[PDB]
Amino acid sequence: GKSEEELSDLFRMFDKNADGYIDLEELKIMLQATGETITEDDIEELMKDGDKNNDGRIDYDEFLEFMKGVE
Ligand SMILES: COc1ccc(C(=O)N2CCCc3cc(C4=NNC(=O)S[C@@H]4C)ccc32)cc1OC
Ligand SMILES: [Ca+2]
Ligand SMILES: [Ca+2]
C-alpha cells in the first residue's frame, strides 16, 4: 500500500540538498548514515538501474519507479 503518499516523502527523505534530485555524492552519505562499509557495487549498481536518464542522479519519474514504496 503506502501509495505515492510515502513515495513523496522518501524522495525528500533521500534528498539532502533540497534540489529535487538525488546524486551518488548523496547516496554514499545515505549508506554511511544507515551503515557505511558498503561495497562500491551497491552505490553504482543501485544508481545505474536507477539512472534511466543516465545523468548521475534520480528524478521524480525514475525515483517514483525505483522507489515503489521503499523503507
Ligand atoms: C537499514 O539498512 C539500510 C538502509 C538503507 C539502505 C539504502 O541504501 N537504501 C534503502 C532503501 C531506499 C534506497 C533507495 C536507493 C535509490 N536507488 N535508485 C533510484 O533510482 S532512487 C534511490 C536514490 C538507494 C539505496 C536505498 C541500505 C541499507 O542496508 C543495505
Ligand atoms: Ca539530493
Ligand atoms: Ca535519472
# chains A, B, ... in the order shown; residues from 1 in each chain; ligands from 1
$ closest_atom_pairs --of "chain A" --to "ligand 2" --cutoff "12 Å" --atoms "only C-alpha atoms and all ligand atoms" --output "tab-separated table"
residue	atom	partner	partner_atom_place_in_ligand_line	distance
A:10	CA	ligand 2	1 (Ca)	11.6
A:11	CA	ligand 2	1 (Ca)	8.8
A:12	CA	ligand 2	1 (Ca)	7.9
A:13	CA	ligand 2	1 (Ca)	9.4
A:14	CA	ligand 2	1 (Ca)	6.8
A:15	CA	ligand 2	1 (Ca)	3.8
A:16	CA	ligand 2	1 (Ca)	4.7
A:17	CA	ligand 2	1 (Ca)	4.4
A:18	CA	ligand 2	1 (Ca)	6.0
A:19	CA	ligand 2	1 (Ca)	5.8
A:20	CA	ligand 2	1 (Ca)	6.4
A:21	CA	ligand 2	1 (Ca)	4.9
A:22	CA	ligand 2	1 (Ca)	3.9
A:23	CA	ligand 2	1 (Ca)	5.7
A:24	CA	ligand 2	1 (Ca)	8.7
A:25	CA	ligand 2	1 (Ca)	8.4
A:26	CA	ligand 2	1 (Ca)	6.1
A:27	CA	ligand 2	1 (Ca)	8.5
A:28	CA	ligand 2	1 (Ca)	11.4
A:29	CA	ligand 2	1 (Ca)	10.4
A:30	CA	ligand 2	1 (Ca)	10.3
A:56	CA	ligand 2	1 (Ca)	11.1
A:57	CA	ligand 2	1 (Ca)	8.2
A:58	CA	ligand 2	1 (Ca)	8.7
A:59	CA	ligand 2	1 (Ca)	10.0
A:60	CA	ligand 2	1 (Ca)	11.7
A:63	CA	ligand 2	1 (Ca)	11.7
$ atom_distance --atom1 "atom CA of residue A:2" --atom2 "atom CA of residue A:70"
9.3 Å
$ select_by_dssp --residues "chain A" --states "strand (DSSP E)" --output "short mmCIF file (atom, residue, chain, number, x, y, z; two decimals) with C-alpha atoms, in the first residue's frame"
data_model
loop_
_atom_site.label_atom_id
_atom_site.label_comp_id
_atom_site.auth_asym_id
_atom_site.auth_seq_id
_atom_site.Cartn_x
_atom_site.Cartn_y
_atom_site.Cartn_z
CA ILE A 22 19.35 12.57 -5.80
CA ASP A 23 23.00 12.01 -6.68
CA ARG A 57 21.04 11.36 -10.36
CA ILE A 58 17.37 10.47 -9.92
#
$ residues_near_ligand --ligand "ligand 1" --cutoff "6 Å" --atoms "only C-alpha atoms and all ligand atoms" --output "ChimeraX atom specification"
/A:22,31,34,46-47,50-51,58,62-63,66-67,70-71
$ atom_distance --atom1 "atom CA of residue A:42" --atom2 "atom CA of residue A:3"
25.9 Å
$ select_by_dssp --residues "chain A" --states "helix (DSSP H, G or I)" --output "MDAnalysis selection string"
chainID A and resid 4:14 24:35 40:42 44:48 62:66
$ write_last_selection --atoms "C-alpha atoms" --output "JSON list (two decimals), in the first residue's frame"
[["chain", "number", "residue", "atom", "x", "y", "z"],
["A", 4, "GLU", "CA", 2.52, 7.93, -3.59],
["A", 5, "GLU", "CA", 1.93, 9.35, -0.11],
["A", 6, "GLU", "CA", 5.05, 7.70, 1.30],
["A", 7, "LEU", "CA", 6.92, 7.89, -2.01],
["A", 8, "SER", "CA", 6.70, 11.69, -1.92],
["A", 9, "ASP", "CA", 8.46, 11.80, 1.45],
["A", 10, "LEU", "CA", 11.01, 9.15, 0.51],
["A", 11, "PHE", "CA", 12.18, 11.39, -2.33],
["A", 12, "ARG", "CA", 12.92, 14.16, 0.16],
["A", 13, "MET", "CA", 13.89, 11.51, 2.69],
["A", 14, "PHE", "CA", 16.73, 10.78, 0.28],
["A", 24, "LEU", "CA", 25.74, 9.50, -5.91],
["A", 25, "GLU", "CA", 27.55, 12.05, -3.74],
["A", 26, "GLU", "CA", 24.48, 11.84, -1.51],
["A", 27, "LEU", "CA", 23.81, 8.12, -1.89],
["A", 28, "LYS", "CA", 27.07, 7.16, -0.20],
["A", 29, "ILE", "CA", 26.16, 9.61, 2.56],
["A", 30, "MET", "CA", 22.84, 7.78, 2.79],
["A", 31, "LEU", "CA", 24.55, 4.42, 3.23],
["A", 32, "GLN", "CA", 27.27, 5.56, 5.61],
["A", 33, "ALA", "CA", 24.39, 7.02, 7.62],
["A", 34, "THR", "CA", 22.41, 3.77, 7.64],
["A", 35, "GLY", "CA", 25.54, 1.60, 7.69],
["A", 40, "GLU", "CA", 31.08, 0.13, -4.43],
["A", 41, "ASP", "CA", 28.89, -2.41, -6.22],
["A", 42, "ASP", "CA", 26.00, -1.13, -4.09],
["A", 44, "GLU", "CA", 26.66, 2.41, -8.73],
["A", 45, "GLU", "CA", 24.88, -0.90, -9.26],
["A", 46, "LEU", "CA", 21.93, 0.71, -7.49],
["A", 47, "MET", "CA", 22.21, 4.08, -9.22],
["A", 48, "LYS", "CA", 22.79, 2.52, -12.63],
["A", 62, "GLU", "CA", 12.65, 7.37, -12.25],
["A", 63, "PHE", "CA", 12.70, 7.78, -8.48],
["A", 64, "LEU", "CA", 8.96, 7.13, -8.21],
["A", 65, "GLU", "CA", 9.72, 3.92, -10.10],
["A", 66, "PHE", "CA", 12.70, 2.61, -8.16]]
$ closest_residue --among "A:68, A:39, A:53, A:61" --to "ligand 3" --atoms "only C-alpha atoms and all ligand atoms"
A:53
